[PDB]
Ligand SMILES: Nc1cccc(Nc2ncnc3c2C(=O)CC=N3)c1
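Before any questions on binding or motion, here is one chain by itself as structure tokens, the form solved without this ligand.
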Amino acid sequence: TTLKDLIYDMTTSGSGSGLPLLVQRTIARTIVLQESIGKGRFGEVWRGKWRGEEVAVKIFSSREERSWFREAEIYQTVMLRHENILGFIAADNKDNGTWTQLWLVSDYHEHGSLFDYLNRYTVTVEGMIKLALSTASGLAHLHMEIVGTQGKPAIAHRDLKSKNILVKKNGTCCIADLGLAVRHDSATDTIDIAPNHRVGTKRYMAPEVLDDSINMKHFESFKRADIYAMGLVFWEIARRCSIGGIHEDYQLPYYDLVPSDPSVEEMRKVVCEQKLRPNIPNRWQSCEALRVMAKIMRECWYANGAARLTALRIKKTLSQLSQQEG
């Protein structure tokens, strides 16, 4: 049977998202690395096999020990098993007397990130809705506090972006990289925020984050910041919806108003001072599916975090749309 079956059989009230403590090392050490998949800012991602089964191994470099730690810490203390959230398997610290090596094992998805996918493919109206719907579901699942044993505290991502969403073979998405996530422990009205020299990717930072006004003592502030970023992601997707051959080239949000690798200051000028947002083509107003997407984008982009849509609501209006088009 599969690693996912295994994770299920070994589950006990008290277990985390993946395998039990000792089993994690057992599996991590038995994995056979196959090929480097990507060399991101935070270490390499390898395709690996475990007793034949394909798995994903992110090997972090010294500097992100804190990102490695937080992501693993979250999957471990928060029950996160959802079809729209990257499946966690095990974390391992393999320090050889020569050089420490931080491992993160998870499900494998050949397509890679939404970013790689959108660069490679244009998408259908249906494909767009699948991508967006599933992204909203994943995010709505993270943001939600679920009562009970199989429960879960609310979580804010803090670094949502094309590159942190993976797309499965069935055209659906799952959110990944929980290295900067914050947990809401409503049982003490506290916000668990882990220490890291790292902060969100600058082009996706919400206005309140760019200008430092975000009230970090209120959990809602974090969810609202994610929404703004999800909105930019929806823009990236819609931009690639191809209807009758017409679509755009892939682009990151603010690609036209900002230099590559934007500084907080540069993003701040465009987003807070100039109050600009990515361009929404007039043509999207004709086709109903893009019109709903466009309306969602705008509801995600208000400077005032409190006026933004909720991940659940986006999930809902997207569900209604999905049924009016089979």
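Think of the rigid core as the biggest set of C-alphas that the two forms share within 1.5 Å after superposition. A residue's number is simply how far along the shown sequence it sits, counting from 1.
Another form, the form solved in complex with this ligand, is not on view; read the next lines as being about it.
- Site check by superimposition: this ligand, modelled from its position in the bound PDB entry, clears the backbone and C-beta atoms of this form, with no atom inside 2.4 Å, and the site reads as open.
- Among heavy atoms of residue 56, some come within 4.5 Å of this ligand in the bound PDB entry.
- In the bound PDB entry, this ligand sits beyond 4.5 Å of every heavy atom of residue 235.
- Heavy atoms of residue 267 never reach within 4.5 Å of this ligand in the bound PDB entry, leaving it off the interface.
- Though the partner is left out of this view, residue 250 does not reach within 4.5 Å of this ligand in the bound PDB entry, counting heavy atoms only.
- Although the partner is absent from the chain shown here, 45, 86 and 109 each have a heavy atom within 4.5 Å of this ligand in the bound PDB entry.
- Contact with this ligand in the bound PDB entry, judged as any non-hydrogen atom within 4.5 angstroms, is confined among 188-196, 220-228, 143-151, 71-79 to 71-79.
- Note on contacts: among 129, 104, 123, 209, the single residue with a heavy atom within 4.5 Å of this ligand in the bound PDB entry is 104.
- Between this ligand and the residues 118, 156, 166, 241, the one pair within 4.5 Å by heavy atoms in the bound PDB entry involves 166.
- Only one candidate in 39, 298, 49, 291 has its Cα displaced by 2 Å or more between the shown form and the other one after core superposition: 39.
- Once both forms are fitted on their core, the CA shift for residue 247 between the shown form and the other one remains under 2 Å.
- The Cα position of residue 170 differs by less than 2 Å between the shown form and the other one after fitting on the rigid core.
- Once both forms are fitted on their core, a CA shift of 2 Å or more is seen for residue 63 between the shown form and the other one.
- Relative to this form, in the bound PDB entry the C-alpha atoms of residue 195 and residue 184 approach one another by 3 angstroms or more.
- Three angstroms is the minimum change: in the bound PDB entry, the CA atoms of residue 302 and residue 198 sit closer than in this structure, by 3 Å or more.
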